[PDB]
Amino acid sequence: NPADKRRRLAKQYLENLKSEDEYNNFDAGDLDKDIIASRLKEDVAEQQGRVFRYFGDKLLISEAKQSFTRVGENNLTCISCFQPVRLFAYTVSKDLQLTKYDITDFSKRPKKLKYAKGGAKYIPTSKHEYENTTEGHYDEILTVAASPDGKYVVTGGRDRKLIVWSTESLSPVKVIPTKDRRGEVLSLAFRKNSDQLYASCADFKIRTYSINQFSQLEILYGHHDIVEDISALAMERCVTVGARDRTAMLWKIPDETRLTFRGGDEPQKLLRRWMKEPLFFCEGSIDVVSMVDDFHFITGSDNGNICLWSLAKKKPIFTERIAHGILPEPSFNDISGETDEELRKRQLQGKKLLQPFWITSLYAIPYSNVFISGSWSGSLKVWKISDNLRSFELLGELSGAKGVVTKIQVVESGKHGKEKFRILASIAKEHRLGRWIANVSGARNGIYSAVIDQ
Amino acid sequence: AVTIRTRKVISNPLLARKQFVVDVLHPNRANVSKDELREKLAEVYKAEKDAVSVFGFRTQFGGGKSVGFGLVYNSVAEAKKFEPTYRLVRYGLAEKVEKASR
Amino acid sequence: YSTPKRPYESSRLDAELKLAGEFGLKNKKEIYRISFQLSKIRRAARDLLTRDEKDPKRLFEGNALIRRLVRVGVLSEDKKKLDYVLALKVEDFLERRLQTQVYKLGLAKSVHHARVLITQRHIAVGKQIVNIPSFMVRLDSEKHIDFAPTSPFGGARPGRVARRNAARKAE
Amino acid sequence: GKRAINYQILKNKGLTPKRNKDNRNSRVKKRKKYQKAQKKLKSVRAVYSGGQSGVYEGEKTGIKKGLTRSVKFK
Amino acid sequence: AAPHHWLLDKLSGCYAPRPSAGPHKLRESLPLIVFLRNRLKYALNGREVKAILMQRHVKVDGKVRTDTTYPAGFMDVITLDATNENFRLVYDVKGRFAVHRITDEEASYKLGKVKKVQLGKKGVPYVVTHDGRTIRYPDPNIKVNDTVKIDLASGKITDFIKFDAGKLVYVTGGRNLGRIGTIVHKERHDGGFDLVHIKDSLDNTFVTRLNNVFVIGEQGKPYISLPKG
RNA sequence: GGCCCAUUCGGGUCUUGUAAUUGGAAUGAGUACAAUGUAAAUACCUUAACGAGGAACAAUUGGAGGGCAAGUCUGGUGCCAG
RNA sequence: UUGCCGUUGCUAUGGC
């Protein structure tokens, strides 16, 4: 048995490498490095923070105050929020408008404050990739990001620019182009409690910036498709996911190194695993992330998977195969064009062309026990991760959001044992990158806010 | 615009000193510009501009980053005590020439 | 490298003619170098076939050899057998160099345009500008071959000929 | 007043034949002897050029009804 | 050109620092330059470790002793004034100098193996140790290889640990150098391989010499604190 | 009109040539601001300015074959052979 | 509660 001989010889090999618990167990170099550890400074940014907010089953779920404030902007795309240590929120749309909200009036719907709308006036007079230093967006703003301190919001989209606006007036303070032709930005994330931005640009590139210095730190390379989502916490690590290469990478940005995590679910072995006694299959494209803590994260796929990954395992720890359902099959009055229902039913091939909803938004509350998933099934899902950190489980649903969920994130309130949050979710009737979405089933372009309690 | 990153900041009370490694970041600039770097370091830390010092600069291939070794003092007098004389000739105030014979 | 056995037979001359013309090579030393180390590779894989199944050398050095050949990129992901290392040959190795790859990705109009782009530093894989044409890009650096951002075919400031013509036409 | 040396005393290329601009580069010579070779290959074989370009105009060069260019067995 | 005990990285230099003469031998000590500069790294080079030695931060065995190559051997408590650094350095299990950090009431003393008791001149009993502290007047029952506890403010013996069967012993020398566990066996031969034998995690057995072993306390209660992992 | 085969007659094939004109891009050797490095200096690394049309900013070495004069030499059965 | 437009509430919904 050749793989048995491989495992056996590898075991003998590791035993021989060990060859080349007592009462005294102290090692001189380890305790010397621990003396240097006692000598050093800056136990602030580099907390390898584990899950210290265990509250998944604690708070209420089923009776949230859900207000779906519809807004008149075609296809809202992103949502950025802010809390100091009054709270503002930000939305941005495919109609080239950024909009500031106040959200701190917690028991009611948010309040519009200020527009900032680019348009055809901001097309540059050059068509030349480094004099892209205009003051507004002329194409398809895809992402906003508020500063952790709140001086600025920074936004960008398919016009390959980063425009950083002031908070108090929504004015463009600085323009930083991405200096090449395909340099469309797709996701932005500040590292927490900082002034450092991580943008993920479709050149298979990740750009980093210091916003209050108007400088770019480091460009870091290495995905294989467009870097569709990004996520960061207080550590200088980052977690990006490229779309169709089906890998999620995490980046030690000062070292400029990474850990890659591929997928790897196969319907052959999965249907055999069920065949030991079923509509589930392989993977299209890993789409969204959120780093839950500094040892784990969660990925949202294109076949409706939500997966939970550790920092110490290439293959994922936990899967959840169907997370928002399978799409309604196309009707017999809109598949075939024959006359009889028998042939128009034969043109469905049974179950072979039922496609699942793909999770287009995922948000893990940082270091907490609970994350929120959203797609165009109409109902957001709330999941909590078990305390042994090897599984998660569906708590409840938030069914007042008709449309695609282009963004989810939460806003905190309450103290250490009694808490209430408003879950913002940007709702559109069209995916945040291309159109591709038919059967617009009662959708509206709005902000689904929910107020969850206890 | 140059950019600054301190890492692994330890304190040496025996030498009355605080030392660290300096990732200096200059996209589309030539290099570190060490006096301007001492200015930027002396303003990100406290004042002591004749007590902040950097010596070990290595720029990686293609530019952009350079790793240096940063040590910052309190008390410019004890910085003059503890720093070596060639770095004092390079940056600060000392100048004693060697007698040229044989 | 090392010279072949009969270096002047007409099949070898038409071989080197087709190789140097189809891949834009400068002399015979490119073919001879890459073929010398390919000779070492499949002379090793021949011995790995002449030993038996469940030999430790065969198991470990065989999957090691085919995995680092797949990661160089001359061998595809599905053929994970050791006889494909014998079926491997020299243009499978010099299709992997950067001049060939720049032309195939279409940043250049021919292999000679690719060679002069590479030697004039308009091409950077990943972060670093590569400037020699015989580079042997890997399966992960295959998709980050793009124009350098320090170059007028990227987005940078235009070169001396363009700016001098612009200045003289401004005069 | 400095009687500088000139190129024929400096480089000392005494009495050479006329040589080739294509020989002054080893790469361009193999670019232009491969173009010559693959223009000669159209003479010996018939080279697949890429299929039918536009409308089928005709054979453009003639049809021989007497010649059969096919390999007979044994 | 280095020994094994110093935990000295090879990418350091060419000339290795010979320790000067002092209390301990050359082969069982580390100087202050290899202590401060390249082990716990309070310096970067010989110039600044000489600078802090001229500043006189070091207080090994309660006295200053400003010297670069001062041979700190076994359990000389290195004391540094800034950030109240108290360091007792002992042997680890694989031959190096593990420098444990201790506190002030433990660095107020040390212990020492007695080597010989003499009727030297004028009726004065007499005792020496590995740092050579010739202290006056112990009890008559000081055998060889017992353990005195030095005062470290004056020099007097304060406590005494008797060497017998059933005592916690430390082995510094030979192929057992730096082991603890002190009980599987006792065997006093008449000139070599004579010792008390030391256990392991599975309570294995070991052979050493008398002079290459010296007592540190009792079965569970040493008043020295020890590092752990 | 070029090319290929063949001892011969001949055969096979096809956009191929030209010190023809011409166009704007590219940059590298060089010349050089520096800063970095280093006891100091060199070098590597980073890098503004200039730097191509005979791109004369002028790579070789060896081989195969011609052709020419109011020219010269030799032979001898005109005008030829060498 | 918005680009319009409808039911509107004296606030929620649904068609482009």
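Procedures and definitions
Residues numbered from 1 in each chain as written, not as in the entry; some residues may be left out. Chains lettered and ligands numbered in written order. Part of a larger assembly, values for the part shown. Heavy atoms only, no water. UniProt positions renumbered as here; feature names shortened; annotations may be inferred. Helix = DSSP H or I, 4+ residues; strand = E, 2+ residues; numbered from the N terminus. Buried < 20%, exposed > 50% of the residue type's maximum accessible area, 1.4 Å probe, protein only. Contact = heavy atoms within 4.5 Å. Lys, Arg positive; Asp, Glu negative; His and termini not counted. Charge placed at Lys NZ, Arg CZ, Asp CG, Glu CD. Buried area = accessible area lost by both parts, 1.4 Å probe. Salt bridge = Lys/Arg side-chain N within 4 Å of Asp/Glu carboxyl O. Near = heavy atom within 4 Å. Polar contact = N/O pair within 3.5 Å; in protein donor to acceptor, adjacent residues only side chain to side chain. Nonpolar A, V, L, I, M, F, W, Y, C, P; charged D, E, K, R; others polar. Axes fitted to C-alpha atoms, helices over the stretch in contact; angles between N-to-C directions. Parallel < 35°, antiparallel > 145°, perpendicular 65-115°, else oblique. Patch = residues over 30% accessible without salt bridge, like charges linked within 9 Å, V, L, I, M, F, W, Y side chains within 5 Å. Areas by Shrake-Rupley, 256 points an atom, 1.4 Å probe, with all protein chains shown as cover. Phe/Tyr/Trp six-rings, centres within 6.5 Å; stacked < 30°, edge-to-face > 60°. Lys NZ or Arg CZ within 6 Å of the ring centre and 35° of its normal. Pairing = 2+ DSSP bridges. Domains from an automatic or database assignment. Core = buried A, V, L, I, M, F, W, Y, C linked by side-chain atoms within 4.5 Å.

Looking at the PDB entry, chain E carries the name 40S ribosomal protein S4-A, with the source organism given as Saccharomyces cerevisiae. Its UniProt record gives chain E the following Subcellular location comment, quoted word for word: "Cytoplasm". Under the heading Sequence similarities, UniProt records this for chain E: "Belongs to the eukaryotic ribosomal protein eS4 family."

Going by the annotation in the PDB entry, the name recorded for chain B is 40S ribosomal protein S24-A, with Saccharomyces cerevisiae given as the source organism. Check the Subcellular location section of the UniProt entry for chain B; it says "Cytoplasm".

Caption draft 1: Structural view of the overall build of chain B. Looking only at helices and strands, one finds three helices and five strands in chain B. In sequence order, the secondary structure elements of chain B are arranged as β-β-α-β-β-β-α-α. Buried residues in chain B amount to 45% of all 102 residues. Here the analysis covers contacts within chain B between residues at least 6 apart in sequence; of these, 50% occur between residues at least 24 apart. Placing the 20 positive and 11 negative side-chain charges of chain B at their respective mean positions leaves the two points 6 Å apart.

Caption draft 2: The arrangement of unusual backbone geometry in detail. For A:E256, which is not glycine, the phi dihedral falls at a positive 55 degrees. Its location among the elements puts A:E256 in the loop between β16 (247-252) and β17 (257-262). Backbone geometry places B:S75, a non-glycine residue, at a positive phi of 60 degrees.

Caption draft 3: Main features of the interface of chain E and chain A. Contacts between the two partners involve 27 residues from chain E, matched on the other side by 14 residues from chain A. Carbon and sulfur atoms make up 57% of the surface buried where chain E meets chain A, a total of about 1700 Å² over both sides. Contact with chain A buries surface across chain E, with E:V93, E:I180 and E:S201 losing the most and accounting together for 22% of the total. In this assembly, chain E and chain A are joined by two salt bridges. For A:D27, the salt bridge identified is with E:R96, shortest N-O distance 3.2 Å.

Caption draft 4: Highlighting the protein's contact with RNA strand F. Near RNA strand F lie 47 residues; those nearest to it are B:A30, C:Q120, C:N165, D:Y7 and D:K64. Between RNA strand F and C:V161, the relevant distance is 3.4 Å, taken from a phosphate oxygen to a main-chain nitrogen or oxygen of the residue. Among the elements of the structure, β4 (58-59) and α3 (85-91) of chain B, α8 (160-170) of chain C together with α2 (26-44) of chain D are those that each provide at least two residues to the surface near RNA strand F. The element that contributes the greatest number of residues to the surface near RNA strand F is α8(C), accounting for six residues. Considering only residue class, the surface near RNA strand F consists of 14 nonpolar, 14 polar and 19 charged.

Caption draft 5: Region of the structure containing the protein's contact with RNA strand G. Residue and element names in this part refer to chain A. Within the structure, RNA strand G sits among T69, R70, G72, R109, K112 and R444. Each atom of RNA strand G within 4 Å of the protein belongs either to a base or to sugar and phosphate, the latter forming 33%. Between RNA strand G and the protein, one listed contact pairs a phosphate oxygen with a backbone N or O atom of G72 at 3.2 Å. Residue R109 places a side-chain N or O atom 2.9 Å away from a sugar or linking oxygen belonging to RNA strand G.

Caption draft 6: Quick look at the packing of helix α1 (residues 2-19) of chain A against helix α3 (residues 56-72) of chain C. At a closest axis distance of 11 Å, the pairing of α1(A) and α3(C) adopts a crossing angle of 90 degrees. If you check the angle between α1(A) and α3(C), you find them roughly perpendicular. Residues A:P2, A:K5, A:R6 and A:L9 of α1(A) form the contact with α3(C), whose own contacting residues are C:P56, C:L59 and C:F60. Grouping the amino acids of the contact of α1(A) with α3(C) by side-chain chemistry returns five nonpolar, no polar and two charged.

Caption draft 7: Representation of helix α6 (residues 98-105) of chain C within the structure. Residue and element names in this part refer to chain C. Of all the residues in α6, the buried ones are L98, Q99, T100, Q101 and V102. Summarising the contacts, the buried residues of α6 are in contact with α1 (10-23), α7 (111-119), β1 (123-125) and β3 (145-147). Just beyond α6, the residue with positive phi is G106, at close to 95 degrees.

Caption draft 8: Spatial organisation of a positive patch on the surface. Residue and element names in this part refer to chain A. A contiguous patch of positive charge, built from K269, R272, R273, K276 and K315, is present on the exposed surface. Among the secondary structure elements, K276 is positioned in the loop between α3 (267-275) and β18 (288-290). Relative accessible area serves as the criterion here: at 54%, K276 is assigned to the exposed category.

Caption draft 9: Examining the packing of aromatic side chains more closely. A full pass over the atoms with the stated rule returns 21 aromatic pairs over all chains. For the ring pair A:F261 and A:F297, a centre distance of 5.4 Å and an interplane angle of 80 degrees mean the geometry is edge-to-face. With 5.2 Å between their ring centres and 70 degrees between their planes, E:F74 and E:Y170 make a pair best called edge-to-face. Pair noted here: E:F74 is in the loop between α2 (46-55) and β1 (78-80) and E:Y170 is in strand β9 (residues 168-171), with a separation of 96 residues, a long-range link. Put simply, the rings of E:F74, E:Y91, E:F97, E:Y170 and E:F214 touch in pairs and so form one group of aromatic residues. Stacked on the ring of A:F106, the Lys or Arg A:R422 has its end atom at 5.7 Å from the ring centre. Above the face of the E:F87 ring, E:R101 is positioned so that its terminal group lies 5.4 Å from the ring centre.

Caption draft 10: Fine view of the environment of E:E48. Considering the arrangement of structural elements, one finds E:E48 in helix α2. Looking at E:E48, the relative accessible area reads 6%, which means it is buried. C-alpha separation for the pair E:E48 and E:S12, spaced 36 residues apart in sequence, amounts to 16 Å. Residues within four places of E:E48 in sequence aside, it is in contact with B:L15, B:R17 and E:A43. Polar contacts involving the side chain of E:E48 include one to the main-chain amide nitrogen of E:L44, which spans 2.7 Å.

Caption draft 11: Inspection of the sheet that holds strand β27 (residues 421-428) of chain A at higher detail. All names here are of chain A. Reading across from one edge, β1-β28-β27-β26 is the order of the four strands in this open sheet, with antiparallel pairing throughout. Every interior strand has two partners, whereas the edge strands, β1 (65-70) and β26 (404-411), have only one. Between one strand and the next, the sheet's axes are offset by a mean angle of 20 degrees, whatever the strand orientation. With seven bridges connecting them, β26 and β27 associate as antiparallel partners. Note on β27: the bridge partner recorded for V405 is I427.

Caption draft 12: Quick peek at the pattern of salt bridges. Counted by the stated rule, this structure contains 37 salt bridges over all chains. Here E:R39 makes a salt bridge to A:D32, at a shortest N to O gap of 2.8 Å. Of the two residues, E:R39 is situated in the loop between α1 (32-36) and α2 and A:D32 in helix α2 (residues 28-39); the pairing between them involves two chains. The same class applies to E:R39 and to A:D32, which are both buried.

Caption draft 13: Examining the domain arrangement of chain E more closely. All names here are of chain E. When cut into domains, chain E gives domain 1 (1-105), domain 2 (110-160) and domain 3 (163-229). The gap between the C-alpha centroids of domain 1 and domain 2 is 25 Å. Contacts between the two partners involve eight residues from domain 1, matched on the other side by six residues from domain 2. Taking both sides of the interface into account, the surface hidden between domain 1 and domain 2 amounts to around 630 Å²; carbon and sulfur atoms contribute 59%. Considering only the side of domain 1, the residues that lose the most area to domain 2 are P23, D61 and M75, jointly responsible for 55% of the buried surface there.

Caption draft 14: Representation of the nonpolar core. Of all hydrophobic cores here, the largest spans 50 residues; its most connected members are E:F35, E:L36, E:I78, E:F87 and E:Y170. When residues of this core are assigned to domains, at least three fall in each of domain 1 (1-105) and domain 3 (163-229) of chain E. In contact with E:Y170, not counting residues within four places along its chain, are A:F26, E:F74, E:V90, E:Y91, E:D92, E:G178, E:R179, E:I180, E:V213, E:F214, E:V215 and E:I216. Counting residues in hydrophobic clusters, the runner-up holds 22 residues, among them C:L38, C:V74, C:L82 and C:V85.

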